[PDB]
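Trainee: Please find one structure pasted underneath; my questions will follow.
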Amino acid sequence: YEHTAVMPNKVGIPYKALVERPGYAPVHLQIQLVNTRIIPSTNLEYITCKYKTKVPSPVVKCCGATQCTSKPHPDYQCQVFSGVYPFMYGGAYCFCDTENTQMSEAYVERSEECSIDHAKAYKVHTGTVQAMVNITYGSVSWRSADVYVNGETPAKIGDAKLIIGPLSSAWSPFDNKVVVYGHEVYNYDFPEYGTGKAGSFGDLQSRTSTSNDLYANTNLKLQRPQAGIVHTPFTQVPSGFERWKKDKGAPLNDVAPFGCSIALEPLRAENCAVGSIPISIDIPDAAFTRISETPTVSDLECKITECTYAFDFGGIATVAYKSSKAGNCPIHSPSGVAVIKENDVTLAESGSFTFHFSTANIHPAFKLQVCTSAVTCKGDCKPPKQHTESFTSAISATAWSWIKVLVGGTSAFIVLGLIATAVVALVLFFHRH
Amino acid sequence: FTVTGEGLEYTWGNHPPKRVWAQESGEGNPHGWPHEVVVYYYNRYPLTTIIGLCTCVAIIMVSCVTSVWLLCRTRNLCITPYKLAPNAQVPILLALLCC
């Protein structure tokens, strides 16, 4: 036998159902979520880090001059200078005349620490959905298994079959472009493909983790050495990666709506509570029993002792009962005005017991069924003072309803009386002739 | 900070985060004379109560003024038969006086 329903999506709150199979004793089942792990479909774009400039040893000549050539290197540079007359330690200083020799080539490549800290850019698409569920029905204990979310993929837990999803909404917390660094992500929605920005966020963009091309600029510039001392001055913009490190905005894990964290490795967006789920479960037929083996329940009386609406179980009521024989059978509230803390209760001859429940209404009016038997427990008013409540404009109190019906009735009475008087006046004239 | 039914969460330094579901507040009371019941029906929902009160007073006053206009019109209709009053005729013995 199988059963279908719709369940609101929330990680903590359980769900209690009571399946009916005519000619058999009812069975109740209890299902509770543990996770909701949205997973997107992603691909890498490139990585970036802090750069480093290196310079090979320059070359000079005691006389004459040479010319430098351009080589295929990322932001390669070379240039020549004139009239050096250099100097060395206790040396002849490598000059006798106008020198006019200087190489001063410059060279850019990735840093040695790029292997550890490095932003990554990504493109994002919808991807899959999956969760995990802990289950218990009849007398079987807690059983847990995971399952995808779509109205097609079965999964067996113990001896039951499950078909859940798809979700009621297509909402997601990600955008088309994201960036991942260190431990968290950001909606830095505008990386750049091949165009750097002279050190704003892209100035060293390795297409892969160990590529050999860095299609971005650093605005490197050379300078003329002075005072005849062998060195290679230069100048360049400071790395923009540092600047973005200093001015990162709010990380996504502190702005996501609906209160859902963000794991890293699969880019899990866990627990993001929204909407409802269509559920459909089948239980084996070996867990039912003949309807003539259960104690018949009759002569019921439910009395409300004390209650108060709060996020915890703040309601207690008692029931008096006349049994057929001793046994145990479950209890449940099909209506949603109040939730029943208890699930199943034992019964003795001439039963009389109590339970617990939460609610959200001043005057609870919930009606419960037990052991194939109905009973209304209209309760009373409860004094005022995270968990399952309705809050469906059903808080109109006795005085509130009293006043509203009073004013409505008064308005109706006066208008109808006036309408009657109009035709009362008219019919006289209609009779005068 | 302003918490609500949906709850709020915060962090501090290197301490792990924390959440609070602040609610359940009952300033006022729903029983007794109209004024205190109104103040409870006010403070319960911080603003939707207020807008509900404004709407309710508007609708009740417009209903009352419509009723009184209908009263006046019906009164005019009840005045109309007294066209026979200037005629100096037999009394009619009705809700109005006639010598």
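Order determines the names: the first chain of the structure tokens is A, the second B, and so forth; residues in each chain are numbered 1 upward, and ligands are numbered 1 upward as they are shown.
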Give the residues of chain B that lie within 7 Å of chain A; count only C-alpha atoms, and format the answer as a ChimeraX atom specification.
Mentor: /B:21,24-26,31,63,67,70-71,74,77-78
Trainee: The selected residues should be written to file as a short mmCIF file (atom, residue, chain, number, x, y, z; two decimals), in the first residue's frame (atoms: N, CA and C atoms).
Mentor:
data_model
loop_
_atom_site.label_atom_id
_atom_site.label_comp_id
_atom_site.auth_asym_id
_atom_site.auth_seq_id
_atom_site.Cartn_x
_atom_site.Cartn_y
_atom_site.Cartn_z
N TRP B 21 15.46 33.18 18.32
CA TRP B 21 14.12 33.24 17.75
C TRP B 21 13.19 34.05 18.64
N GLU B 24 6.82 35.82 21.02
CA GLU B 24 5.87 35.35 22.03
C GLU B 24 5.42 36.47 22.98
N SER B 25 5.69 37.72 22.62
CA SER B 25 5.51 38.83 23.55
C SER B 25 4.04 39.21 23.58
N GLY B 26 3.52 39.44 24.79
CA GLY B 26 2.10 39.67 24.98
C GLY B 26 1.72 40.98 25.66
N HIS B 31 -8.81 40.63 26.88
CA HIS B 31 -10.07 40.54 27.58
C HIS B 31 -10.29 41.80 28.40
N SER B 63 -19.58 53.26 6.62
CA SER B 63 -20.84 52.54 6.74
C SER B 63 -21.85 53.35 7.52
N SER B 67 -25.38 54.86 6.19
CA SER B 67 -26.62 54.55 6.89
C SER B 67 -27.39 55.81 7.23
N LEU B 70 -29.01 57.23 4.14
CA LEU B 70 -30.22 56.46 3.86
C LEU B 70 -31.32 56.83 4.84
N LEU B 71 -30.96 57.06 6.10
CA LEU B 71 -31.92 57.54 7.08
C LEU B 71 -32.58 58.82 6.62
N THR B 74 -34.91 58.16 3.58
CA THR B 74 -36.14 57.51 4.03
C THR B 74 -37.01 58.48 4.81
N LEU B 77 -38.83 60.50 2.35
CA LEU B 77 -39.94 59.73 1.81
C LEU B 77 -41.11 59.69 2.79
N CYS B 78 -40.81 59.54 4.08
CA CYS B 78 -41.85 59.57 5.09
C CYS B 78 -42.50 60.93 5.21
#
Trainee: Sort by chain and increasing residue number a table of all residues of range 66-92 of chain B within 12 Å of range 43-62 of chain B, each with its closest pair of atoms and their distance in Å to one decimal, counting only C-alpha atoms, and write it as CSV.
Mentor:
residue,atom,partner,partner_atom,distance
B:66,CA,B:62,CA,6.1
B:67,CA,B:62,CA,8.5
B:68,CA,B:62,CA,9.8
B:69,CA,B:62,CA,10.5
Trainee: A:289, A:354, A:239, A:218: which is nearest residue 305 in chain A, counting only C-alpha atoms?
Mentor: A:354
Trainee: Calculate how many Å separate CA of residue 227 in chain A from CA of residue 83 in chain A, rounding to one decimal.
Mentor: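 These atoms are spaced 10.5 Å apart.
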Trainee: When DSSP is applied to the backbone of this structure, which of chain B are assigned helix (DSSP H, G or I)? Write them out as a PyMOL selection string.
Mentor: chain B and resi 34-43+48-87
Trainee: May I have all residues of chain B that DSSP, computed from the backbone, assigns to strand (DSSP E or B), given as a PyMOL selection string?
Mentor: chain B and resi 8-12+15-20
Trainee: Would you kindly return, as a list in words, each protein, DNA or RNA residue with an atom no farther than 7 Å from any atom of residue 49 in chain A, considering only C-alpha atoms and excluding same-chain residues fewer than 2 positions away?
Mentor: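 Contacts, with the query itself left out: residues 51, 114, 117, 118, 119, 204 and 241 of chain A.
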Trainee: Please provide the set of residues having any atom within 10 Å of residue 140 in chain A, restricted to only C-alpha atoms, with same-chain residues fewer than 5 positions apart removed, written as a list in words.
Mentor: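 Everything that qualifies: residues 29, 135, 158 and 287 of chain A.
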Trainee: Could you write out that same residue set with C-alpha atoms as a CSV table (one decimal), in the first residue's frame?
Mentor:
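Once written, part30.csv looks like this:
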chain,number,residue,atom,x,y,z
A,29,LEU,CA,4.5,7.0,9.9
A,135,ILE,CA,12.2,7.4,8.7
A,158,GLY,CA,14.5,-0.8,4.7
A,287,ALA,CA,2.8,-4.3,8.5
Trainee: Kindly indicate which residue among A:380, A:342, A:30, A:372 lies nearest to residue 298 in chain A, using only C-alpha atoms for the distances.
Mentor: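 The answer is A:372, which sits nearest to residue 298 in chain A.
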Trainee: For residue 198 in chain A, please output as a VMD selection string all residues within 12 Å (counting only C-alpha atoms; exclusion window: fewer than 4 positions along the same chain).
Mentor: chain A and resid 75 202 to 205 215 to 220 236 to 241 243
Trainee: Keeping N, CA and C atoms for every residue in the selection just given, could you write it to a file as a PDB file, in the first residue's frame?
Mentor:
ATOM      1  N   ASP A  75      54.712  40.158 -20.933  1.00  0.00           N
ATOM      2  CA  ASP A  75      55.137  41.530 -20.673  1.00  0.00           C
ATOM      3  C   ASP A  75      56.660  41.641 -20.654  1.00  0.00           C
ATOM      4  N   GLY A 202      42.221  41.672 -12.199  1.00  0.00           N
ATOM      5  CA  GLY A 202      42.913  40.751 -13.061  1.00  0.00           C
ATOM      6  C   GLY A 202      44.159  41.383 -13.628  1.00  0.00           C
ATOM      7  N   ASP A 203      45.308  40.899 -13.189  1.00  0.00           N
ATOM      8  CA  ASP A 203      46.577  41.310 -13.762  1.00  0.00           C
ATOM      9  C   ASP A 203      47.490  40.135 -14.012  1.00  0.00           C
ATOM     10  N   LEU A 204      47.154  38.959 -13.498  1.00  0.00           N
ATOM     11  CA  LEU A 204      47.892  37.728 -13.748  1.00  0.00           C
ATOM     12  C   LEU A 204      46.835  36.632 -13.791  1.00  0.00           C
ATOM     13  N   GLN A 205      46.392  36.279 -14.992  1.00  0.00           N
ATOM     14  CA  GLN A 205      45.262  35.377 -15.178  1.00  0.00           C
ATOM     15  C   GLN A 205      45.739  34.111 -15.873  1.00  0.00           C
ATOM     16  N   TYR A 215      47.705  36.149 -19.719  1.00  0.00           N
ATOM     17  CA  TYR A 215      47.244  37.158 -20.670  1.00  0.00           C
ATOM     18  C   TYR A 215      46.705  38.378 -19.927  1.00  0.00           C
ATOM     19  N   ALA A 216      47.624  39.057 -19.249  1.00  0.00           N
ATOM     20  CA  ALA A 216      47.276  40.292 -18.573  1.00  0.00           C
ATOM     21  C   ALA A 216      48.525  41.130 -18.353  1.00  0.00           C
ATOM     22  N   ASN A 217      48.299  42.422 -18.134  1.00  0.00           N
ATOM     23  CA  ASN A 217      49.341  43.432 -18.084  1.00  0.00           C
ATOM     24  C   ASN A 217      49.574  43.883 -16.651  1.00  0.00           C
ATOM     25  N   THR A 218      50.734  44.491 -16.424  1.00  0.00           N
ATOM     26  CA  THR A 218      51.053  45.098 -15.141  1.00  0.00           C
ATOM     27  C   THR A 218      51.619  46.501 -15.298  1.00  0.00           C
ATOM     28  N   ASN A 219      51.600  47.052 -16.508  1.00  0.00           N
ATOM     29  CA  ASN A 219      52.062  48.414 -16.767  1.00  0.00           C
ATOM     30  C   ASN A 219      53.514  48.599 -16.339  1.00  0.00           C
ATOM     31  N   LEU A 220      54.340  47.598 -16.616  1.00  0.00           N
ATOM     32  CA  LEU A 220      55.741  47.655 -16.235  1.00  0.00           C
ATOM     33  C   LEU A 220      56.468  48.745 -17.012  1.00  0.00           C
ATOM     34  N   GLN A 236      56.307  49.828 -11.496  1.00  0.00           N
ATOM     35  CA  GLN A 236      55.096  49.168 -11.957  1.00  0.00           C
ATOM     36  C   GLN A 236      53.977  49.398 -10.957  1.00  0.00           C
ATOM     37  N   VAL A 237      52.755  49.181 -11.421  1.00  0.00           N
ATOM     38  CA  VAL A 237      51.578  49.317 -10.557  1.00  0.00           C
ATOM     39  C   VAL A 237      51.600  48.217  -9.506  1.00  0.00           C
ATOM     40  N   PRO A 238      51.199  48.492  -8.269  1.00  0.00           N
ATOM     41  CA  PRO A 238      51.085  47.417  -7.281  1.00  0.00           C
ATOM     42  C   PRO A 238      49.985  46.440  -7.655  1.00  0.00           C
ATOM     43  N   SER A 239      50.147  45.203  -7.193  1.00  0.00           N
ATOM     44  CA  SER A 239      49.245  44.128  -7.580  1.00  0.00           C
ATOM     45  C   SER A 239      47.817  44.426  -7.156  1.00  0.00           C
ATOM     46  N   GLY A 240      46.890  44.331  -8.109  1.00  0.00           N
ATOM     47  CA  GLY A 240      45.495  44.572  -7.798  1.00  0.00           C
ATOM     48  C   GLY A 240      44.854  43.473  -6.986  1.00  0.00           C
ATOM     49  N   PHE A 241      45.409  42.265  -7.047  1.00  0.00           N
ATOM     50  CA  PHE A 241      44.883  41.182  -6.231  1.00  0.00           C
ATOM     51  C   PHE A 241      44.918  41.554  -4.758  1.00  0.00           C
ATOM     52  N   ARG A 243      44.732  44.596  -3.564  1.00  0.00           N
ATOM     53  CA  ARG A 243      43.710  45.604  -3.338  1.00  0.00           C
ATOM     54  C   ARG A 243      42.343  44.964  -3.177  1.00  0.00           C
TER      55      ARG A 243
END
Trainee: To one decimal place in Å, what is the distance between CA of residue 337 in chain A and CA of residue 283 in chain A?
Mentor: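 Straight-line distance from CA of residue 337 in chain A to CA of residue 283 in chain A works out to 27.7 Å.
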Trainee: Each residue of range 361-419 of chain A with at least one atom at most 8 Å from range 9-27 of chain A should appear once, together with its nearest atom pair and the corresponding distance in Å (one decimal); atoms considered: only C-alpha atoms; ordering: chain, then increasing residue number; output as JSON lines.
Mentor:
{"residue": "A:371", "atom": "CA", "partner": "A:26", "partner_atom": "CA", "distance": 7.6}
{"residue": "A:372", "atom": "CA", "partner": "A:26", "partner_atom": "CA", "distance": 7.4}
{"residue": "A:387", "atom": "CA", "partner": "A:13", "partner_atom": "CA", "distance": 7.0}
{"residue": "A:388", "atom": "CA", "partner": "A:13", "partner_atom": "CA", "distance": 7.1}
Trainee: Contacts of residue 17 in chain B at 12 Å or less, counting only C-alpha atoms, minus same-chain residues fewer than 4 places along, as a ChimeraX atom specification?
Mentor: /A:253-254,261 /B:8-13
Trainee: With only C-alpha atoms as the atoms that count, which of A:137, A:391, A:122, A:366 lies nearest to residue 192 in chain A?
Mentor: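 Between A:137, A:391, A:122, A:366, the residue approaching residue 192 in chain A most closely is A:122.
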Trainee: Which residues are close to range 161-163 of chain A, i.e. within 9 Å by only C-alpha atoms, leaving aside same-chain residues fewer than 4 positions away? Reply as number ranges by chain.
Mentor: A: 2, 147-157, 278-284
Trainee: Report, in Å to a single decimal, how far apart CA of residue 367 in chain A and CA of residue 297 in chain A are.
Mentor: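 These atoms are spaced 16.0 Å apart.
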